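Worksheet: one structure, shown below.
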Amino acid sequence: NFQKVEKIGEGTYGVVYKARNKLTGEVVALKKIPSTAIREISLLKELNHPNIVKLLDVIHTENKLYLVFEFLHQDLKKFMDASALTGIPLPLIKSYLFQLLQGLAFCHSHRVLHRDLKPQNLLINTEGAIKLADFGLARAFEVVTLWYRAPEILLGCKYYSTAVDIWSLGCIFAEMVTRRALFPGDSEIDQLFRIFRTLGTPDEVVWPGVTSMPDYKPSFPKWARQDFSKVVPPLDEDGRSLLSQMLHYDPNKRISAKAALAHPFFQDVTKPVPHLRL
Ligand SMILES: CC(C)c1cnn2c(NCc3ccccc3)cc(NC[C@@H]3CCNC[C@H]3O)nc12
């Protein structure tokens, strides 16, 4: 029912093609991937928001799974690699952050988490919109990147909360601003140790219950924190204050997406259009 145009990427969950529906003329992203997955995925069809890549259809046929998504022309990694010499301008960074926080406040209010936010999962159009892609696919179901993984996941917490998406988004914010990934780990311990080196080794004072976590070891080295002004210059004081609340160790103290939308950093938010080369 779909004509493959080109290979657009390769996810955890299978390979993705830009495709054309032969009956409608519609251009879509076709992703080819147990009764349990079916019901979860079908619940995603109703989870609709302008800052979430629209799931158009779930095609369970000939004992196979295809997800048909809205197509967007560009991802945030490629826009960042392409914006490398001058950086993404601040008003655009802020507008993308604000829109992503809208999409997360939406999903989280419906008790749906992403779990794997990353620049390659954040898709942009020519209208200045940014959208979350693959929402809900990790709960429904190449080396997987760890750079955006929240410390409670890395510490083996089995029951992650919406706080894990705020951490990832925090990491992406820092990266848009500095033009470098914040925590580029290449293994779980390297990832954890890069977080500790920047934010301090967490203890019982900043994160109660931490030393009881499954993969916590008393033997972790103990590094002191660094100042956000060393970590993300040239971000201003409001952006630094928001980021630090998005990067709180304790997931219970981490700001929510809805509180983050009220933060003074967003007082002058606007919706710029990007210069996009397609
Ligand atoms: C949510 C999906 C299925 C969708 C809709 N548009 N789009 C684009 N568009 C950006 C793009 C366009 C042309 C060439 C490369 C990338 C890229 C893309 N890449 C797939 C990766 C692997 C699976 N999960 C999402 C992403 O990490 N997935 C999607």
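Residues in the structure tokens are named by chain (A, B, ... in the order shown) and by number from 1 within that chain; ligands are numbered from 1 in the order shown.
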
Task: Close residues to ligand 1 using only C-alpha atoms and all ligand atoms, limit 9 Å, as number ranges by chain - done: A: 6-18, 28-31, 53-55, 67-76, 78, 117-124, 132-135, 278

File of the preceding selection, N, CA and C atoms, as a tab-separated table (two decimals), in the first residue's frame:
chain	number	residue	atom	x	y	z
A	6	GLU	N	12.88	6.48	0.32
A	6	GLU	CA	14.25	6.43	0.85
A	6	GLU	C	14.28	6.09	2.31
A	7	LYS	N	15.46	5.63	2.73
A	7	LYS	CA	15.70	5.19	4.10
A	7	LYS	C	16.09	6.39	4.89
A	8	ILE	N	15.35	6.61	5.96
A	8	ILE	CA	15.33	7.88	6.63
A	8	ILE	C	15.96	7.74	8.00
A	9	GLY	N	16.40	6.52	8.31
A	9	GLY	CA	16.88	6.29	9.65
A	9	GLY	C	16.68	4.88	10.12
A	10	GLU	N	17.23	4.61	11.30
A	10	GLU	CA	17.24	3.26	11.82
A	10	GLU	C	17.21	3.34	13.32
A	11	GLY	N	16.08	2.91	13.87
A	11	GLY	CA	15.81	3.03	15.28
A	11	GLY	C	16.02	1.74	16.03
A	12	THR	N	15.92	1.86	17.34
A	12	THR	CA	15.87	0.70	18.21
A	12	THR	C	14.90	-0.29	17.56
A	13	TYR	N	13.68	0.19	17.29
A	13	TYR	CA	12.54	-0.68	16.99
A	13	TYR	C	12.37	-1.17	15.54
A	14	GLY	N	13.30	-0.82	14.66
A	14	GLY	CA	13.29	-1.29	13.29
A	14	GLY	C	13.66	-0.15	12.38
A	15	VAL	N	13.60	-0.37	11.07
A	15	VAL	CA	14.05	0.64	10.11
A	15	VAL	C	12.91	1.53	9.60
A	16	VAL	N	13.25	2.79	9.27
A	16	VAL	CA	12.26	3.82	8.89
A	16	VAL	C	12.47	4.33	7.47
A	17	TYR	N	11.40	4.29	6.67
A	17	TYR	CA	11.38	4.80	5.29
A	17	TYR	C	10.43	5.98	5.11
A	18	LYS	N	10.88	6.96	4.36
A	18	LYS	CA	9.96	7.91	3.79
A	18	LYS	C	9.21	7.15	2.70
A	28	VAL	N	4.60	10.02	4.13
A	28	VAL	CA	4.62	9.54	5.51
A	28	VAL	C	6.00	8.89	5.82
A	29	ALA	N	6.24	8.62	7.09
A	29	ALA	CA	7.42	7.92	7.55
A	29	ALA	C	6.84	6.58	7.99
A	30	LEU	N	7.32	5.55	7.32
A	30	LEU	CA	6.87	4.15	7.52
A	30	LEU	C	7.89	3.41	8.33
A	31	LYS	N	7.49	2.97	9.51
A	31	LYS	CA	8.43	2.28	10.39
A	31	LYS	C	8.01	0.82	10.53
A	53	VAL	N	4.88	13.91	17.05
A	53	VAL	CA	4.76	13.29	15.71
A	53	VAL	C	3.50	12.42	15.67
A	54	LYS	N	2.56	12.76	14.78
A	54	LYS	CA	1.29	12.08	14.71
A	54	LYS	C	1.44	10.60	14.22
A	55	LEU	N	0.96	9.63	15.02
A	55	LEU	CA	0.88	8.24	14.62
A	55	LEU	C	-0.37	8.14	13.74
A	67	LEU	N	4.26	1.00	11.68
A	67	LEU	CA	3.66	2.21	12.22
A	67	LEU	C	3.80	3.30	11.12
A	68	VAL	N	2.71	4.02	10.81
A	68	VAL	CA	2.71	5.06	9.78
A	68	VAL	C	2.65	6.39	10.54
A	69	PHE	N	3.71	7.19	10.42
A	69	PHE	CA	3.79	8.46	11.12
A	69	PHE	C	3.67	9.60	10.13
A	70	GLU	N	3.14	10.75	10.56
A	70	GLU	CA	3.49	12.05	9.93
A	70	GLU	C	4.99	12.12	9.55
A	71	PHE	N	5.35	12.67	8.39
A	71	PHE	CA	6.77	12.81	7.97
A	71	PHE	C	7.18	14.25	8.29
A	72	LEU	N	8.36	14.42	8.86
A	72	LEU	CA	9.02	15.74	8.99
A	72	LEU	C	10.33	15.74	8.29
A	73	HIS	N	10.78	16.92	7.87
A	73	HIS	CA	11.86	16.87	6.91
A	73	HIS	C	13.25	16.83	7.51
A	74	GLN	N	13.38	17.03	8.82
A	74	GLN	CA	14.70	17.30	9.35
A	74	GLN	C	14.73	16.94	10.83
A	75	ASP	N	15.83	16.41	11.36
A	75	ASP	CA	15.91	16.22	12.84
A	75	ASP	C	16.84	17.20	13.52
A	76	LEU	N	16.76	17.26	14.85
A	76	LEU	CA	17.46	18.30	15.58
A	76	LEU	C	18.98	18.04	15.54
A	78	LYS	N	20.72	16.96	13.00
A	78	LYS	CA	21.18	17.44	11.71
A	78	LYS	C	21.11	18.94	11.63
A	117	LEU	N	14.36	10.25	24.98
A	117	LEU	CA	14.56	11.51	24.23
A	117	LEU	C	15.99	11.72	23.81
A	118	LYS	N	16.19	12.19	22.59
A	118	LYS	CA	17.52	12.44	22.09
A	118	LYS	C	17.34	13.34	20.85
A	119	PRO	N	18.40	14.09	20.45
A	119	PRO	CA	18.25	14.93	19.27
A	119	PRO	C	17.69	14.21	18.04
A	120	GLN	N	18.10	12.97	17.77
A	120	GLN	CA	17.59	12.24	16.57
A	120	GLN	C	16.06	11.97	16.64
A	121	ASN	N	15.48	12.00	17.84
A	121	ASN	CA	14.02	11.81	18.10
A	121	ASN	C	13.24	13.11	18.14
A	122	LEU	N	13.85	14.23	17.74
A	122	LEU	CA	13.17	15.55	17.86
A	122	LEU	C	13.17	16.10	16.44
A	123	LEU	N	12.01	16.26	15.85
A	123	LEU	CA	11.94	16.53	14.45
A	123	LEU	C	11.37	17.89	14.22
A	124	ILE	N	11.80	18.57	13.15
A	124	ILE	CA	11.49	20.00	12.97
A	124	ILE	C	10.90	20.22	11.56
A	132	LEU	N	8.16	15.77	19.23
A	132	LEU	CA	8.69	14.52	19.78
A	132	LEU	C	8.23	13.34	18.99
A	133	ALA	N	9.19	12.50	18.62
A	133	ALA	CA	9.00	11.27	17.82
A	133	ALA	C	9.27	10.02	18.65
A	134	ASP	N	8.54	8.96	18.37
A	134	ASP	CA	8.64	7.65	19.10
A	134	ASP	C	8.11	7.62	20.50
A	135	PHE	N	7.20	8.54	20.80
A	135	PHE	CA	6.66	8.63	22.15
A	135	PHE	C	5.94	7.35	22.48
A	278	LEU	N	16.70	21.97	2.82
A	278	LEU	CA	16.19	20.64	2.53
A	278	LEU	C	16.65	20.17	1.14

- [ ] Would you mind listing what lies within 12 Å of residue 240 (chain A) as a list in words, with only C-alpha atoms counted and same-chain residues fewer than 5 positions away left out?
- [x] residues 170, 173, 174, 177, 227, 228, 229, 230, 231, 232, 233, 234, 235, 245, 246, 247, 263, 264 and 265 of chain A

Mind writing the picked residues with N, CA, C and O atoms as an mmCIF file, in the first residue's frame?
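Saved as out-v6.cif:
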data_model
loop_
_atom_site.group_PDB
_atom_site.id
_atom_site.type_symbol
_atom_site.label_atom_id
_atom_site.label_comp_id
_atom_site.auth_asym_id
_atom_site.auth_seq_id
_atom_site.Cartn_x
_atom_site.Cartn_y
_atom_site.Cartn_z
ATOM 1 N N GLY A 170 16.678 18.338 29.524
ATOM 2 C CA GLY A 170 17.725 19.200 30.114
ATOM 3 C C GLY A 170 19.037 19.065 29.397
ATOM 4 O O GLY A 170 19.680 20.072 29.041
ATOM 5 N N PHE A 173 18.933 20.657 25.916
ATOM 6 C CA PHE A 173 18.975 22.149 26.058
ATOM 7 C C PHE A 173 20.431 22.613 26.125
ATOM 8 O O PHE A 173 20.843 23.508 25.354
ATOM 9 N N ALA A 174 21.174 22.043 27.080
ATOM 10 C CA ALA A 174 22.624 22.352 27.319
ATOM 11 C C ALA A 174 23.383 22.198 26.005
ATOM 12 O O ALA A 174 24.136 23.053 25.619
ATOM 13 N N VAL A 177 22.801 24.925 23.402
ATOM 14 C CA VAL A 177 23.412 26.133 23.841
ATOM 15 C C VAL A 177 24.904 26.065 23.648
ATOM 16 O O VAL A 177 25.470 26.947 22.971
ATOM 17 N N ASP A 227 30.112 24.771 38.835
ATOM 18 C CA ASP A 227 29.076 25.805 38.690
ATOM 19 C C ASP A 227 28.514 25.782 37.281
ATOM 20 O O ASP A 227 29.265 25.839 36.306
ATOM 21 N N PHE A 228 27.200 25.854 37.166
ATOM 22 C CA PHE A 228 26.550 26.030 35.846
ATOM 23 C C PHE A 228 27.125 27.130 34.961
ATOM 24 O O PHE A 228 26.947 27.118 33.729
ATOM 25 N N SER A 229 27.826 28.089 35.554
ATOM 26 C CA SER A 229 28.411 29.084 34.711
ATOM 27 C C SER A 229 29.635 28.531 33.974
ATOM 28 O O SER A 229 29.948 29.050 32.918
ATOM 29 N N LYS A 230 30.314 27.520 34.535
ATOM 30 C CA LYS A 230 31.448 26.826 33.855
ATOM 31 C C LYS A 230 30.885 25.811 32.861
ATOM 32 O O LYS A 230 31.503 25.531 31.839
ATOM 33 N N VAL A 231 29.713 25.280 33.190
ATOM 34 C CA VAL A 231 29.096 24.166 32.425
ATOM 35 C C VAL A 231 28.395 24.622 31.151
ATOM 36 O O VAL A 231 28.681 24.073 30.057
ATOM 37 N N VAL A 232 27.510 25.629 31.241
ATOM 38 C CA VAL A 232 26.864 26.120 30.028
ATOM 39 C C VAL A 232 27.036 27.585 29.603
ATOM 40 O O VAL A 232 26.051 28.191 29.152
ATOM 41 N N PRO A 233 28.271 28.166 29.676
ATOM 42 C CA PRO A 233 28.253 29.530 29.205
ATOM 43 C C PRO A 233 27.921 29.401 27.720
ATOM 44 O O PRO A 233 28.273 28.381 27.096
ATOM 45 N N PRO A 234 27.271 30.406 27.118
ATOM 46 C CA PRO A 234 26.844 31.737 27.534
ATOM 47 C C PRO A 234 25.385 31.792 27.955
ATOM 48 O O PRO A 234 24.722 32.827 27.761
ATOM 49 N N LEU A 235 24.866 30.721 28.525
ATOM 50 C CA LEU A 235 23.461 30.788 28.911
ATOM 51 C C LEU A 235 23.249 31.796 30.049
ATOM 52 O O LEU A 235 23.974 31.776 31.029
ATOM 53 N N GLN A 245 17.333 23.025 37.559
ATOM 54 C CA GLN A 245 16.134 22.332 38.074
ATOM 55 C C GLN A 245 15.714 21.120 37.244
ATOM 56 O O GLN A 245 15.115 20.191 37.767
ATOM 57 N N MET A 246 16.001 21.175 35.942
ATOM 58 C CA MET A 246 15.847 20.041 35.043
ATOM 59 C C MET A 246 16.903 18.950 35.283
ATOM 60 O O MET A 246 16.661 17.800 34.923
ATOM 61 N N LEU A 247 18.063 19.329 35.841
ATOM 62 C CA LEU A 247 19.133 18.352 36.131
ATOM 63 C C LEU A 247 19.291 17.945 37.625
ATOM 64 O O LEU A 247 20.328 17.362 37.999
ATOM 65 N N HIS A 263 8.446 29.042 34.097
ATOM 66 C CA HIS A 263 9.711 29.575 34.630
ATOM 67 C C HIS A 263 9.993 30.917 33.905
ATOM 68 O O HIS A 263 9.681 31.031 32.732
ATOM 69 N N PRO A 264 10.603 31.914 34.605
ATOM 70 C CA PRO A 264 10.893 33.217 34.025
ATOM 71 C C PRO A 264 11.712 33.160 32.736
ATOM 72 O O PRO A 264 11.628 34.088 32.000
ATOM 73 N N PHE A 265 12.484 32.101 32.482
ATOM 74 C CA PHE A 265 13.205 31.953 31.237
ATOM 75 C C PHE A 265 12.283 32.109 30.055
ATOM 76 O O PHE A 265 12.737 32.589 29.018
#

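CA of residue 188 (chain A) sits 6.6 Å away from CA of residue 154 (chain A).
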
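CA of residue 166 (chain A) to CA of residue 66 (chain A) spans 28.8 Å [interatomic distance, one decimal].
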
- [ ] Check region 79-240 of chain A with DSSP on the backbone and list each residue it calls strand (DSSP E), as a PyMOL selection string.
- [x] chain A and resi 122-124+130-132

Write the residues of the selection above to a file with N, CA and C atoms, as a compact mmCIF listing (two decimals), in the first residue's frame.
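Saved result, result32.txt, follows:
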# COMPACT_ATOMS: atom_id res chain seq x y z
N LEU A 122 13.85 14.23 17.74
CA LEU A 122 13.17 15.55 17.86
C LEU A 122 13.17 16.10 16.44
N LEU A 123 12.01 16.26 15.85
CA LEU A 123 11.94 16.53 14.45
C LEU A 123 11.37 17.89 14.22
N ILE A 124 11.80 18.57 13.15
CA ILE A 124 11.49 20.00 12.97
C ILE A 124 10.90 20.22 11.56
N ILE A 130 8.69 22.12 16.50
CA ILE A 130 9.59 20.95 16.87
C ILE A 130 8.70 19.92 17.52
N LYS A 131 8.93 18.65 17.18
CA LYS A 131 8.06 17.55 17.62
C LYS A 131 8.79 16.35 18.21
N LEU A 132 8.16 15.77 19.23
CA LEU A 132 8.69 14.52 19.78
C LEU A 132 8.23 13.34 18.99

- [ ] Please run DSSP on the backbone and report, as a ChimeraX atom specification, all residues within region 25-274 of chain A that come out as alpha helix (DSSP H).
- [x] /A:35-44,76-82,90-109,137-140,151-154,163-178,188-199,228-231,237-246,257-261

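When only C-alpha atoms are used to measure the gap to residue 77 (chain A), the shortest distance among A:176, A:63, A:260, A:111 belongs to A:176.
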
TODO: Using only C-alpha atoms, find the one residue out of A:109, A:187, A:99, A:126 that sits nearest to residue 145 (chain A).
DONE: A:187

Open item on the list: For residue 65 (chain A), find every residue with an atom within 6 Å (counting only C-alpha atoms), except residues of its own chain fewer than 2 positions away, and show them as a ChimeraX atom specification.
Closed with: /A:32-33,59-60

Mind writing the picked residues with C-alpha atoms as an mmCIF file, in the first residue's frame?
data_model
loop_
_atom_site.group_PDB
_atom_site.id
_atom_site.type_symbol
_atom_site.label_atom_id
_atom_site.label_comp_id
_atom_site.auth_asym_id
_atom_site.auth_seq_id
_atom_site.Cartn_x
_atom_site.Cartn_y
_atom_site.Cartn_z
ATOM 1 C CA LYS A 32 8.557 -1.490 10.280
ATOM 2 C CA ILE A 33 8.965 -3.076 13.686
ATOM 3 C CA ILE A 59 -0.930 -1.778 10.453
ATOM 4 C CA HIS A 60 -1.054 -5.158 12.006
#

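When only C-alpha atoms are used to measure the gap to residue 223 (chain A), the shortest distance among A:64, A:198, A:236, A:244 belongs to A:198.
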
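Coordinates place CA of residue 138 (chain A) at a distance of 13.4 Å from CA of residue 159 (chain A).
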
Open item on the list: Residues within 10 Å of residue 155 (chain A), please, as an MDAnalysis selection string. Count only C-alpha atoms; anything in the same chain fewer than 5 positions from it doesn't count.
Closed with: chainID A and resid 150 188:189 192 210:217

Task: Residues within 8 Å of residue 261 (chain A), only C-alpha atoms, excluding chain neighbours under 5 positions, as a list in words - done: residues 98, 101, 102 and 266 of chain A

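Near residue 199 (chain A), within 8 Å and counting only C-alpha atoms, sit residues 224, 225 and 226 of chain A, not including residues fewer than 6 positions from it in the same chain.
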
Residues from last step as file, N, CA, C and O atoms, as a short mmCIF file (atom, residue, chain, number, x, y, z; two decimals), in the first residue's frame:
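Saved file out.cif follows:
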data_model
loop_
_atom_site.label_atom_id
_atom_site.label_comp_id
_atom_site.auth_asym_id
_atom_site.auth_seq_id
_atom_site.Cartn_x
_atom_site.Cartn_y
_atom_site.Cartn_z
N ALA A 224 33.36 16.66 43.52
CA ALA A 224 32.61 17.86 43.96
C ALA A 224 31.90 18.44 42.76
O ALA A 224 32.37 18.29 41.62
N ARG A 225 30.78 19.13 42.97
CA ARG A 225 30.06 19.79 41.86
C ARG A 225 30.86 20.94 41.25
O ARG A 225 31.70 21.53 41.93
N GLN A 226 30.53 21.28 39.99
CA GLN A 226 30.96 22.49 39.27
C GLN A 226 29.81 23.48 39.10
O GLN A 226 28.63 23.04 39.13
#

TODO: Write out as a ChimeraX atom specification which residues come within 12 Å of residue 42 (chain A) when counting only C-alpha atoms, dropping same-chain ones fewer than 3 positions away.
DONE: /A:35-39,45-47,55-60,65-67,136-137,140

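Counting only C-alpha atoms, the residue from A:149, A:248, A:158, A:271 that sits nearest to residue 184 (chain A) is A:149.
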